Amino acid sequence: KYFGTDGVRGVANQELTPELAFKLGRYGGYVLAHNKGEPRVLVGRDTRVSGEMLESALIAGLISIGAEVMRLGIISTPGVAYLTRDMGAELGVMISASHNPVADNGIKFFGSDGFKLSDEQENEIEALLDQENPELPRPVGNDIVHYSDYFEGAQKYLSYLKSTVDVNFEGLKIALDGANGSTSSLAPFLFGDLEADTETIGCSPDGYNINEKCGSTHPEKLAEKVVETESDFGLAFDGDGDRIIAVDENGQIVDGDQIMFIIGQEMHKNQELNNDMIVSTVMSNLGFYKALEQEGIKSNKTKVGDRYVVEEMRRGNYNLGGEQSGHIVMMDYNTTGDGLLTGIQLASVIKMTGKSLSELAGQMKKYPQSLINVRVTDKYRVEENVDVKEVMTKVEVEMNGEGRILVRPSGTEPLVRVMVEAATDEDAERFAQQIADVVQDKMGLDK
């Protein structure tokens, strides 16, 4: 299967080749081009050098079927999602591998509604990939259209982001890390235009340095800068700009759960939070759930992955959801995780309250976590297994209520993931080992 969890990803020029990018543009176009005359498609990318070669290969595929291609250049993945629906386009494509290093690259698609592709269409694309020679339209002469360069899209996206906040950031000092990625050209202008004084790092891309000791994945240098410049707070983005991780005034790190809590707290007070609930994955820390209970906010847990958070939010029409990693979705403004949008909305809360990030983030304490992997036969049996159930109960019994345990299998791998959250590092490691031991003896294929 070419399509993975989040589009088609591989190492650029061997696993993900220009020939594949051409096929994805031609086939992906036709699947999305059987429903409109003279299809309009927009394509964006991040700062990887391999994006230039893949884009030209992809654009050739889109043109070869008759589409009107609109090159956005360097833009964040949410920018593609927003522009696609706002311009009424049939499809949007983002070329990026997010946090992965420069060698890797990927191709992501967006529908006319700003959402990821439907699986029936994803499979139809793959069915065309299976055919050695599929007959397809071959427009000639006047039937081919001129593509256009839509340099306006980046600022049109930025102006929309500016519209969401209702106050400027004067009096705030903010440090930004663009991860040498698509945000490098967007975050300095966006916050600078809102009157915030800015200190920047990771905003000098060269085509090979994306996500190199910078970004949401590596926030240390940012925390170093925030303390050095005595800034009020700092924000770190990833290569394609769908995730954000924050740093407070003292250099402590604020994860997605805390950011989700701060923003959901303010939405709750203003009664803009839909159904007084926040969607999230179970991987979020226990302290996050208890803080939501204190604030009277119902919590909904879903399986790990962007697919399921957004899936759940659409089903019930919830306006806020996200993951601990920093991938946070605000339905009222965008249809996918947007680090830039989440960043300004966080800064808005800091401006209105007159507080600091450490105080707003300090509202919830994160319990220590211990994680263990056990290579088992058949992953469904684990929680049906009697011995596994009983030790979990004992562990559950021993913690009066101060902690929780999670036993989940990973779809990518053939092993189970033992997650324990407890009051103390030593407790968390101990309950995890007790549970992992029981699984290892009775479920360890790879004993």
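So that there is no doubt, residue numbering starts at 1 and follows the sequence shown.
Going from residue 52 to residue 53, the model skips none of the deposited residues; the chain is continuous there. For the pair 125-133 and 251-259, the mean B factor over Cα atoms is greater in 125-133. Averaged over Cα atoms, the B-factor as recorded in the entry is higher for 393-401 than for the other of 43-51 and 393-401.
Within the listed group 95, 179, 140, 175, the record reports its top CA B-factor for 140.
Per the deposited coordinates, the residue with the largest Cα temperature factor out of 104, 240, 338, 293 is 293. When the modelled residues of the chain are ordered by C-alpha B-factor, residue 189 sits in the lowest third. Among the modelled residues of the chain, residue 325 sits in the lowest third by CA temperature factor in this PDB entry. In the PDB entry, residue 308 places in the highest third of its chain by CA B-factor. When all modelled residues of the chain are sorted by CA temperature factor, residue 198 is found within the middle third.
Among the modelled residues of the chain, residue 264 sits in the middle third by CA temperature factor in this PDB entry.
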